[PDB]
Structures are given as structure tokens and as C-alpha cells.
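Each remark here refers to the structure printed beneath this line.
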Amino acid sequence: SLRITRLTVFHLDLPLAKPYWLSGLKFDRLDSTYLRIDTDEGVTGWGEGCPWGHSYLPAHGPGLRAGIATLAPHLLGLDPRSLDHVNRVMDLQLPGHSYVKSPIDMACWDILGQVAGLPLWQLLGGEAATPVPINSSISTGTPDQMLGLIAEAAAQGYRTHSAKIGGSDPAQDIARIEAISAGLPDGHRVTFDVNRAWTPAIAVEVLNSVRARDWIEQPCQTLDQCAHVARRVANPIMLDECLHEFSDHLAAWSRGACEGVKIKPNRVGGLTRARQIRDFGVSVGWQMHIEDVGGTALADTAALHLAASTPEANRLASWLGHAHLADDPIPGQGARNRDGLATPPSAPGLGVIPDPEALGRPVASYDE
Amino acid sequence: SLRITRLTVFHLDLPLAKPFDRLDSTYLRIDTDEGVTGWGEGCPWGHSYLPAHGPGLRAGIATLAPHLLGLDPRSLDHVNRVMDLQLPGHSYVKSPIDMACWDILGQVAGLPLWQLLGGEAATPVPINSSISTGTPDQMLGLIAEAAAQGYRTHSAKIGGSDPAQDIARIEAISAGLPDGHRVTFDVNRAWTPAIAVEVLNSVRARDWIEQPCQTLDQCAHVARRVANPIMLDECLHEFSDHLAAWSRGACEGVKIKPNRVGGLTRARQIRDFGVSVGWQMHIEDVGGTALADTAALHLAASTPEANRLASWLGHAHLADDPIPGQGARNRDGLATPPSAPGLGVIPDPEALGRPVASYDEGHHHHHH
Amino acid sequence: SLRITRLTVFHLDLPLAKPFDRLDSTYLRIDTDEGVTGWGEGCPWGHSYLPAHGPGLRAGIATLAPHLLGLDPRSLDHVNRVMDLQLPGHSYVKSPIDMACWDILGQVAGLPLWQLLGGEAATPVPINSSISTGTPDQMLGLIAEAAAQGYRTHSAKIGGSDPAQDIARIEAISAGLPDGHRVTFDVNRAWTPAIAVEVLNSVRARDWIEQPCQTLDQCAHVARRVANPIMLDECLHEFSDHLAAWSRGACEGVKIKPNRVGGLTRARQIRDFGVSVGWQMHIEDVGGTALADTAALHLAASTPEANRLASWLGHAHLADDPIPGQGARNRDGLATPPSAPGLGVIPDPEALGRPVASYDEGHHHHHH
Numbered sequence: 000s001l002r003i004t005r006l007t008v009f010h011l012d013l014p015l016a017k018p019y020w021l022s023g026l027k028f029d030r031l032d033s034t035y036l037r038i039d040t041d042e043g044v045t046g047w048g049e050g051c052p053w054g055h056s057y058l059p060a061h062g063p064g065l066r067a068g069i070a071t072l073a074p075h076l077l078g079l080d081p082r083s084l085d086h087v088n089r090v091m092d093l094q095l096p097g098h099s100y101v102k103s104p105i106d107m108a109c110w111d112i113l114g115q116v117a118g119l120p121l122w123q124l125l126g127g128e129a130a131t132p133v134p135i136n137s138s139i140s141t142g143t144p145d146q147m148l149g150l151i152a153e154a155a156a157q158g159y160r161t162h163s164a165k166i167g168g169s170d171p172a173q174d175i176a177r178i179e180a181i182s183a184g185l186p187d188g189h190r191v192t193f194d195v196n197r198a199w200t201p202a203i204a205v206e207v208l209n210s211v212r213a214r215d216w217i218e219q220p221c222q223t224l225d226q227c228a229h230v231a232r233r234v235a236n237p238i239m240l241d242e243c244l245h246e247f248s249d250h251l252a253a254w255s256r257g258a259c260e261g262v263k264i265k266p267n268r269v270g271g272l273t274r275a276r277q278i279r280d281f282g283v284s285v286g287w288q289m290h291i292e293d294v295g296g297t298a299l300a301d302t303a304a305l306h307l308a309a310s311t312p313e314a315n316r317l318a319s320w321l322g323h324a325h326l327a328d329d330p331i332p333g334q335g336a337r338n339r340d341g342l343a344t345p346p347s348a349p350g351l352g353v354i355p356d357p358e359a360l361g362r363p364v365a366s367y368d369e
Numbered sequence: 000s001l002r003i004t005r006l007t008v009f010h011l012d013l014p015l016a017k018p028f029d030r031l032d033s034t035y036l037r038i039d040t041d042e043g044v045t046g047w048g049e050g051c052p053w054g055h056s057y058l059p060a061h062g063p064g065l066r067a068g069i070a071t072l073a074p075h076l077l078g079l080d081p082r083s084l085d086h087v088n089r090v091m092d093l094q095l096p097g098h099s100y101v102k103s104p105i106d107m108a109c110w111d112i113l114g115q116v117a118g119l120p121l122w123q124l125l126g127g128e129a130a131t132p133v134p135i136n137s138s139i140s141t142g143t144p145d146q147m148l149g150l151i152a153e154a155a156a157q158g159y160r161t162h163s164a165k166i167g168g169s170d171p172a173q174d175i176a177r178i179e180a181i182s183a184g185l186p187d188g189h190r191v192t193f194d195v196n197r198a199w200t201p202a203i204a205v206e207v208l209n210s211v212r213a214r215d216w217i218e219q220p221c222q223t224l225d226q227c228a229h230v231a232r233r234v235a236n237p238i239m240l241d242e243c244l245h246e247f248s249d250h251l252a253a254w255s256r257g258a259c260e261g262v263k264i265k266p267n268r269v270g271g272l273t274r275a276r277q278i279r280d281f282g283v284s285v286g287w288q289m290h291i292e293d294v295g296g297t298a299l300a301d302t303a304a305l306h307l308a309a310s311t312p313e314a315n316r317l318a319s320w321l322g323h324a325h326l327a328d329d330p331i332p333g334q335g336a337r338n339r340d341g342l343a344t345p346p347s348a349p350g351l352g353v354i355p356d357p358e359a360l361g362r363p364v365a366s367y368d369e370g371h372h373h374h375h376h
Numbered sequence: 000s001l002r003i004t005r006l007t008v009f010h011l012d013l014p015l016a017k018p028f029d030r031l032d033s034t035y036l037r038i039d040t041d042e043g044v045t046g047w048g049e050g051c052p053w054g055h056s057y058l059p060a061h062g063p064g065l066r067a068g069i070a071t072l073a074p075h076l077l078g079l080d081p082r083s084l085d086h087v088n089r090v091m092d093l094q095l096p097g098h099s100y101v102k103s104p105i106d107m108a109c110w111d112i113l114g115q116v117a118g119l120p121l122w123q124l125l126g127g128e129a130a131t132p133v134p135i136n137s138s139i140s141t142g143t144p145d146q147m148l149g150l151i152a153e154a155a156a157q158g159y160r161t162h163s164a165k166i167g168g169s170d171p172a173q174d175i176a177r178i179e180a181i182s183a184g185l186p187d188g189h190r191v192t193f194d195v196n197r198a199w200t201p202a203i204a205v206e207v208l209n210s211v212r213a214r215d216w217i218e219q220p221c222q223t224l225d226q227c228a229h230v231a232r233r234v235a236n237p238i239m240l241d242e243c244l245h246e247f248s249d250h251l252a253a254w255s256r257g258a259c260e261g262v263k264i265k266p267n268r269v270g271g272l273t274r275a276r277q278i279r280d281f282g283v284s285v286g287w288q289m290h291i292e293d294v295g296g297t298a299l300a301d302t303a304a305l306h307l308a309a310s311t312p313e314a315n316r317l318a319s320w321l322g323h324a325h326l327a328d329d330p331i332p333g334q335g336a337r338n339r340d341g342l343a344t345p346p347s348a349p350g351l352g353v354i355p356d357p358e359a360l361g362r363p364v365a366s367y368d369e370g371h372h373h374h375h376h
């Protein structure tokens, strides 16, 4: 009886606070898509898809909007409360393209929350709007630079740190790892994030040279390569970018490839798909970072609802995308960082409402 | 801010239509502070079928009651976590509690359960018959009678220590089906691997065989050696058993029963897993009234059609009805779940009788 | 020192002969500074068949265009590496780009593509028919018609939720073939493992079964349990999927489609792997005009005869032809690739219409 009536697509140019200079490109800004879903009864949901550029994952801004175009005729007329059904239709009408699917799913969850009068964290089964620890991002440099950046991060109140390492020089990674692990303040945690920059050979060489037993995030490009490394080294392994769908998680589990995963809605295709993965992780005793790939506090809030509803023993720190942006299109809205922690809203649905006058003029609109 | 205020336990002596001649059923009413009230049923098929019995169910509620009081029943995963913390195992105890909390959530949301479980419609679900064991043409008599009733799937009970009569049963039934109709051979753990191998490799029929043997290991052994699709049921008590079954490659379908697996929250995760791996599923409860039948039918109706087989209605086997004209009933071999908010069945406490237990919150200045 | 100078994108609305009633095809012209010009086609079979759609293809070219400009198109592996760096996945986008660079390389070398892919001759390749689903003798009518045309291999479309009609289809078609002729049963992911096991073990026919199920895991399960050769297709998106299929022992053949795998450079590696492990292969594209058909036929013709099965020509299903009298065409159920340098098909831009996009190199002192 409830029925999707209009889909409206907006495009946001979001400059980064720290641009960086790629070898192939000055990586300057993010191409975010906001999606508004209107229904016949005046309940309206919002979703965000914002890929981390077009080189990070199988995802890009222009493809996201092109994907919505293709899906739009089929989403019109659906009951947005029947969430698994909406996902089935999307998967029927456009296979893959999980980055297209995530803001559509997110906006339907928003509608369902408003209709039920429940915040997303409660629909996802959580007892409370649990404050979720936020991790810092420590850029690559010397031993002394990164450890100075860590002391800076600790002063802002971060207690979990993502130290960015990697490159095909093993000896400087060894010196980075051993300095950072030995020079942490008390109670603080590091993850060493390699972001696929190692081959199995380099991974085996550095990790077997090192006394540190901290988390290693996604050392290699593929699951096969990562599972190879895991058999040969002594560190906990966190997987992330190689995990595109549920069957990849099933594969990671049966190989014994990891002790933790990151879950990111824009990688896996929304909150419906991300919740199934979360629940699987709980069942098998994974520890999990739950965040999105990038963009505004809109996407950040969606994933933090999943993070907060996740049991304490399985939940690790979240990352907030909007902390790295220089602009804010939804000021004072959604889940924000105060003293190293972020709390999701308890308002029905997603609890963040964009003003369309802050967003510019719609790039596309679809109705029937 | 919604809270559980009272738990009330009812016990129902239900005579069977075809006489072990009666069932011990437990009804559970859960009251809240805002006057929304949920119902659940747990009814083991005797005490000898599963790790489950009537007296144990009420002792389990007794054990769990102090911990359920004061919980938010909309927070369904949290409620399941507390129950698992406070009484490990005992999934037959937890099934009615989780059922009644789903009921509350649906009423609070204004949504029927099949929609909360993601389905697009109150889909009419095919019902299967139970054909009791006899001679070939005794059972072939009973199938024609069931076909006359409007059953299009049939569950024929076979098994024994004697291979020759089970061969004659299978080949007669399978060749002498009416057109369009399906038969499942339910052996119900009666075979050893040896007999299963001899029977199934002497037989031209390639119909479903439901749980040939006692254990997962034994069933996986049979499956490697025979040509039939294998359906698993009684050996699967939690999600990890389903994971083990998939990794062994032991089956191509599972039966999902809320009283075996610990309720609807646990059954849904299993269902979603089964859809992911391409299982076909019978979704039904273990026994009892149309209350437990309806809860399972909401899950069945919300399942994709490619993965959904016929349901079994327990109440069809009873002489008594405590909830007349209510819930999901057989209409020409189909059953449609209700589309009222929540479960869509409300017992009258006058039809049930006097409560065997009641559990309440108490004042701090109270004196006897 | 050869450089890409311009990329021009054309969009072609192609009506189907038998009406979903049209195809969205993309033609791509790549110009160089030395005046040698290459063409590619990418045409997904609707948007619902693979992770692939028309609008996404052009958005993908848009994303990739700045990075392709100024590359040497003779350096084919390098071109594929840049594309993989700049847009991960999206193999349907990359297929026309790689195709057009092969075209350039062939013209530059003075060699037809089948020779650059190592083949001794423009070998005439057997073509297979498509037999749409019906009754047994409907499909047996359509096979006799295809036999009259000169088809000696037939791809009969089967599948459904109903085992009994698929059994009757298979046994009639397989027994009622004309002598010398081959049938492949293409189910196209329509079966669950349960139905696949029941159907294939009820059937005397030992013909090819093409992709019974949705996933690699599900197909590997069926193969362990049945007697037919299994052909894999839609589940294989990159080289690592083919490696996984071989290590699982899931199949005895694969279909290779350039639009699924990311073009000719990726298809060749797969082809060479398949020859090494003793696979038999159908080599064809996903759909579209004789442009994409010809590119696939160059690969098919260069394949050893022991490993090569029949090709399918997409253009045979279209009402329109944008490139008349050109490329590889059916002659009595055989097709010979051209022996002109490169691809051996040059579109006229006047027959296509006005370009939907164009991308160019720009001067540094330029002002609007």
C-alpha cells in the first residue's frame, strides 16, 4: 500500500582537507551522490553513495548515477518497507554494482525506520545508542613523524590508530612497525593498514622480521594471497577490500584467512547486505570495523547505526569519512566525533535530513 | 523505553486426532508498560523427538523470566543475546519468547511479520500432507486421498531395519504419483548409512530423502555415495550446524523449525544463509496450534519462491483448537499468513484456562 | 611514440528480431596521431544478464578517457594495467577499449587478429543455434529447422522450478537428434542444486549442461553428484575465477566472452589456460553486432581444434545492421574470420549517427 513515487539524484563536489598527489592526478575531492526517495504517503528517505575516488574499489561517481538511471523504472511502485524484496529486484535488474545499490537500500531503511518510529540501531537489534570509538589516521613517514602524529592524535582523544604503511621497501616498513608498536601510549591500539601494497613475499618477510603482534589490515590484493600470508605469519589478519559479497566472506571463513573483517555498505551493497555479514561475523567470532568507504556524515551515520548495534566483543573502532572533508552539506547533523567517540541518533529512521537548498540543483529525477 | 512488565505461562493439553496420544504445549503472554502484548507458542512433538519437553520449557521460562523483565522487546537481537547468556542451549525454551517479542515489534511498527521479514506479499504457501507408513498400496491409497484434499506435495514416512520393504515402498509411491505432484521420503533418522546406501542405490527414484541418519557425519557419508537430493532437519540445532553442513556439502535443502533453532530471529539468519547458498527449504514448526504455525508461515511466505518448498501445519493433526478461526489455515492446500500488524493471532485467556506461572516486577518498599 | 589522440563514443539502438525488445550497444572509435584508427563494440545483453549495462559502459569510458589519452595502443598489457588501476572491475567497460587497441596493433603489424592470437589459418568455425524453450516437440520442431539451416550444434534453453518438464524436454531432445549433431542444455542459472541433482540423475542423456546454478560453489556441488559434463559461463568474471574453477574441479569446459572478462587480452590468457588444462571452450561475445562477433571469432579460430566448440553469433538475432557486408557471417553453419590487418571491420560513422561523447587532447595556452 506504501509505494515509491519519486527518486531524486543530487551530486556533491566534496573537497578533501588533505589532498594527495598520485603517480598516475592530484586527488582533490570526492564525487558523492545523494539520493532522495519519496513515497505516496509523504515519508521520505535519504541515502548516500560516495566512492573513495574511482581507483579504490569497483565504484565510481558517474557509474553510480548511471546505475540509478537503469534501476529507477523498477524501483518506482515498490513498497520500500519490504526490504529484502527491494534488494532482490535490484539484484535481478542490475547484477553487481553494489555501490549503486547502497544508497537505494539506505534510503529504504530510513523510510522503514520512520514508518515504525524506530532508530536504525534498534531495527538492527541493538539495545542502546552505544557510543562507538573512532580511530585516527596516521599518514606514512618516518618512525618519528608517525609517532609524533600519534601523540597529536592522542591529544585529540583518539585511542585507536590506523597507521598507514606499505610499499616494496621492506626495511623501512620493519622500522615503522617496530617503532610505532613499542612507542604507543598505554591503553592505545594500532592497526597497520597496508592497503594491498604488499605481495605475499614482502608480507612474509616483514611480518616474520617483526616482534609486533598488532592487527595487519589487508596486506595483499586478493583473498588467496592474504590466506597464503596468514598461514606463514603470527599476526591477526583483518580483511577489507577483497570482500565484495557474502560468498567471499564464506570463502574467507572456510580458508581460515582472517580473524576480523571491515564491513562497508558501499562495498557490500547496503545495510541489508551488511547486516547479514555482521551477523555471520558474530556467529564465527570475527572482530569487525564498521564504517563506510567515504563521504559525508550521512553515509557515516548509516554505518554507525550498524556499528552501535554490534555486540561489544565483536565491535572495533569506526572511521568517520566526514572528518577528512573540508566542506559540510549537513552541518550539526548525523553522528559526529566528540573526544574519540561517536553516538548514532535515536530519532526514527536514519535521523539525518538533508536540506535540498544546500545540495544544489538535482542532476536527475524519476517519477511515474 | 518500552519494557517487558509481565510474563504469563499457560499450559495446554492438546489431544491428537490420530492417537503417545497428546501434546504438551506452552503459550506465553508478554505484557509491556505501554499496553502492547505479544504471544508465543512452544510445543515439542512429545519429549522424544528433539532435545525438548513441556516441563523443561516452563522450567526454562522460570530460569529466564527475571532477566527478560525490564528489557525492550523491540531490540530483538539483544533479547536473544541475554537469553543465550542466561541459559545456553535450550532452543525450545527460547522459541516462544522470541516469537512474542516479534509480535510486539510488529504491532509497534504497524506491520505484519512477513513484511518485517522482508517479503513483498502475504504469499499463499503450498501445504504438504503426512502419509503414515504401511504397504505400498496402503500409502498409495493415502496419497490419492491427500490429492483429493488439494495437497500437491506429500511427505511419506518410511524407514526400518528392513531394506526390501523400503525399496518396494519407494518405487511404488514414486512411479504411482499423480502428475504435477511431489513426494519427499521422510525416514526420520531410522537408517544406518549401510541401509541408506543399499536402499537408495537399488532404487530408480530421485526424489528428496529427508534425514536418512542420526548425525550430520552419517548423512554426509550417504550423500557422497547416493544420487538423491538430501534434506537435513533434526541434526541442525544452531547456525554453526548449518555452516558445517554447507562446508561438508551434506545436503541441498534444510527444514527450518523455530522450536529447534531458538525462534524467529535465529530462523531468519538461517533462511538468509540458505538463500545465499542455494538451499531449498521447508519452513514450519515442530508441532502445536495455529499460533506456532502462523509464525513459521510468516517466515515461509517471506522466502523467495525458488528457495521455498511446502509447509506443514501442525494444528491439522489436533482434535482441539484453542484459537478458533485464527491464524494461517489450509484452503485447498494453500495457506496465506495474516496481514494485521505483528503475528495476527490473539488468544483469549478464557479459552486456555488458568495460568500455571506468572512473573512480575516488584516495588522496593514492599513487605509481606 | 604512437599515441591515442581521440576517443569517440557512439550509441546504437538495435532492435531484436524476436521481441525486452532492443539492445543498447556502444561503438568506440580510437584515433592515433599517425592516422591509424581502431574500433570496439560493447553490447550487454540487456542490463539484467551480467553486471553490465549500456549507460554504465559510457560512464565507464568517461571515467577512463583522460587516462587512455596519450597511451601507446600497441602496448596492450600496459593499457590493460592502466584501466585496471583507474577503474577496478567493470570488465564490460574495458572490452571495447582493448578490442580497438587490438585493431590498431593488427593494422600497425599488417596482420589479422587470428594470427596475432597465434592461429595458423582463418579457420571456419562451426556456429550453434539457439533453441528457445517450449514443449519437447516444439523444441524438436525448432531443431529440425536449425538443422535445415546448416546448424550442427544446438543450444537448447531449459530450466525452471519444475523438474518433471525439464526431464521430458531433455530426454526427447537428446534421443531425437539427427545423426552427427550436438546438443548443449543451457539452463542459465535457473536451477538450485537440488533440482539439478534430481533432473540430471533421472535422465539417460550425458550431453553438456551449461551453468546449472548461480554460483561456482553451487555448480561444483552439482558436478560431484551427477554424470554430465558441466560448462561454466556467467559466474566467471576474471582469471582468478577460472583458476578457482579448475582447482575445485567444477567443470570440463568454459564459455569465454570478452565483454564478461574485460576484452581480448584477458580472454586470450583464459583461452591459453584452458588449452593447458584440457578444457573445451565456446568462444563468442555476449551480444551485439558483427563487430563484437568478429573479435571473438578471431580468438575462436586461433584456438586448437581439440579445445574449440561452436560459436554463437549475436548479430543473427538483430533486425538492424550498422555494418552491412562486414565481419564474420554465417555461411551454411560456419563462419570464417577476415584476413585483412587488424579486426577487418571498419564502420562508417554516417551509418551510426551523431556521437554521444568525444574526448580529445588540449593545448596548454588555450582559453575559452
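Protein chains in written order, with the deposited numbering: chain A, 0 to 23, 26 to 369; chain B, 0 to 18, 28 to 376; chain B', 0 to 18, 28 to 376. A prime marks a further copy of an entry chain. Positions of the beta carbon are idealized from the N, C-alpha and C atoms, including for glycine.
If you drop the 5 nearest sequence neighbours on each side, which residues of the same chain put their C-beta closer than 7 Å to that of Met91 (chain B')? Locating residue 91 (chain B') in the third sequence gives position 83, where the first residue counts as 1. The beta carbon of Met91 (chain B') sits closer than 7 Å to those of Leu72, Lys102, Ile105, all from its chain and outside the five residues before and after it, given in chain order.
Boundaries of the alpha helix (DSSP H) in which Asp249 (chain B) is found, first to last residue: As a first step, residue 249 (chain B) is located in the second sequence; it is residue number 241 there, counting from the start. First-last of the alpha helix (DSSP H) with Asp249 (chain B): 247-256.
Considering just the uninterrupted stretch of the beta strand (DSSP E) at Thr192 (chain B'), what are its terminal residues? Numbered from 1 along the third sequence, position 184 holds the residue referred to as residue 192 (chain B'). If you look at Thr192 (chain B'), you'll find it in the beta strand (DSSP E) that goes 190-194.
Where do the ends of the beta strand (DSSP E) carrying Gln288 (chain B) lie? Indexing the second sequence from 1 puts residue 288 (chain B) at position 280. Segment 288-291, the beta strand (DSSP E) holding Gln288 (chain B).
What residues are listed by DSSP as bridge partners for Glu49 (chain A)? Residue numbering aside, residue 49 (chain A) sits at position 48 when the first sequence is read from its first letter. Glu49 (chain A) pairs with A:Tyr35.
Hey, how far is the Cα of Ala336 (chain B) from the Cα of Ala298 (chain B)? Here the question's residue 336 (chain B) lines up with position 328 in the second sequence. Here the question's residue 298 (chain B) lines up with position 290 in the second sequence. Those two C-alpha atoms are separated by around 6 Å.
Counting pairs of beta carbons, one from the region 253-260 of chain B' and one from the region 225-233 of chain B', are three or more of them closer than 8 Å? yes
Here's the rule: buried if 16 or more other CB atoms are within 10 angstroms of the residue's CB, otherwise exposed. What is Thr143 (chain B')? Mapped onto the third sequence, residue 143 (chain B') falls at position 135. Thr143 (chain B') should be labelled exposed.
Which bits of chain B does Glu206 (chain B') rub up against, with CB to CB less than 7 Å? The residue you call residue 206 (chain B') lines up with position 198 of the third sequence. Going along chain B in sequence order, the residues near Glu206 (chain B') (Cβ under 7 Å) are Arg214, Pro237.
Counting only the same chain and skipping the five closest in sequence on each side, list residues whose C-beta sits under 6 Å from that of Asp174 (chain A). On the first sequence, residue 174 (chain A) is found 173 positions in, with the first residue counted as 1. Cβ neighbours of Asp174 (chain A) beyond the five flanking positions: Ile166, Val207.
In the region 215-234 of chain B, which residues sit with their C-beta less than 7 Å from some C-beta in chain B', listed in chain order? none
Kindly say whether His306 (chain B), judged by its beta-carbon, lies nearer than 9 Å to any beta-carbon of chain A. Against the second sequence, residue 306 (chain B) aligns to sequence position 298. Taking Cβ atoms only, chain A never reaches closer than 9 Å to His306 (chain B), which makes this a no.
On the DSSP bridge list, what partners appear for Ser138 (chain B')? Here residue 138 (chain B') is taken as the residue at index 130 of the third sequence, counted from 1. Answer is B':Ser163, bridged to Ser138 (chain B').
Between which two residues does the beta strand (DSSP E) carrying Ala365 (chain B') extend? Within the third sequence, numbered from 1, the residue matching residue 365 (chain B') stands at position 357. Element bounds for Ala365 (chain B'): 365-368.
With respect to the beta strand (DSSP E) encompassing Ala16 (chain A), which residues constitute its N-terminal and C-terminal limits? To locate residue 16 (chain A), count along the first sequence from 1; it is residue 17. Element bounds for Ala16 (chain A): 3-20.
Sort out for me which residues DSSP pairs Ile238 (chain B') with in a bridge. Counted from its first residue, the third sequence places residue 238 (chain B') at position 230. DSSP lists B':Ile217 as partners of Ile238 (chain B').
Checking contacts by CB at 9 Å: is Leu13 (chain B') closer than that to chain A? Position 14 of the third sequence, counting from 1, holds the residue named residue 13 (chain B'). Taking Cβ atoms only, chain A never reaches closer than 9 Å to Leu13 (chain B'), which makes this a no.
What are the start and end residues of the alpha helix (DSSP H) that includes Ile354 (chain B)? To locate residue 354 (chain B), count along the second sequence from 1; it is residue 346. No alpha helix (DSSP H) contains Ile354 (chain B), which DSSP labels as neither H nor E.
is_contact[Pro266 (chain A), chain B'] using C-beta, thresh 9 Å: Stepping through the first sequence from its first residue, residue 266 (chain A) is reached at position 265. No, no contact with chain B'.
What residue range is occupied by the uninterrupted alpha helix (DSSP H) comprising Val283 (chain A)? Within the first sequence, the letter at position 282 stands for residue 283 (chain A). From DSSP, the alpha helix (DSSP H) with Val283 (chain A) extends over 272-285.
Within 9 Å (strictly less), CB to CB, does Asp106 (chain B) reach chain B'? The residue you call residue 106 (chain B) lines up with position 98 of the second sequence. Output row for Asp106 (chain B): interface = no.
Using the Cβ count rule (16 or more neighbours within 10 Å means buried), how would you classify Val364 (chain A)? In the first sequence, the residue the question calls residue 364 (chain A) occupies position 363. Label assigned to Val364 (chain A): exposed.
To the nearest angstrom, how far is the alpha carbon of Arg190 (chain B) from that of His323 (chain B')? In the second sequence, counting from the first residue as 1, residue 190 (chain B) sits at position 182. In the third sequence, counting from the first residue as 1, residue 323 (chain B') sits at position 315. Taking the straight line joining both Cα atoms gives about 42 Å.
What do you get for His86 (chain B), buried or exposed, if any count of 16 or more other CB atoms within 10 angstroms of its CB means buried? Translated into the one-based positions of the second sequence, residue 86 (chain B) becomes position 78. It counts as buried.
For a contact defined as C-beta to C-beta under 8 Å, what are the partners of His75 (chain B') on chain A? Working through the third sequence from its first residue, we reach residue 75 (chain B') at position 67. Going along chain A in sequence order, the residues near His75 (chain B') (Cβ under 8 Å) are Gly23.
Taking residue 25 (chain A) as the reference, give the member of A:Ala303, A:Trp287, A:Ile331, A:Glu292 with the closest Cα. Position 23 is followed directly by 26 in chain A, which means residue 25 (chain A) is not present among the coordinates.
Here's a check: name, in chain order, each residue in its chain whose Cβ is nearer than 8 Å to the Cβ of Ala154 (chain A), leaving out the five neighbours to either side. Taking the first residue of the first sequence as position 1, residue 154 (chain A) is located at position 153. Contacts found: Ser137, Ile139, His162.
Name the two residues that bound the continuous beta strand (DSSP E) containing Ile331 (chain B'). Position 323 of the third sequence, counted from the first residue, corresponds to residue 331 (chain B'). Run containing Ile331 (chain B'): none; DSSP gives neither H nor E here.
Are the C-beta of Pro201 (chain B') and some C-beta of chain B separated by less than 9 Å? Against the third sequence, residue 201 (chain B') aligns to sequence position 193. True, the Cβ-Cβ gap to chain B drops below 9 Å.
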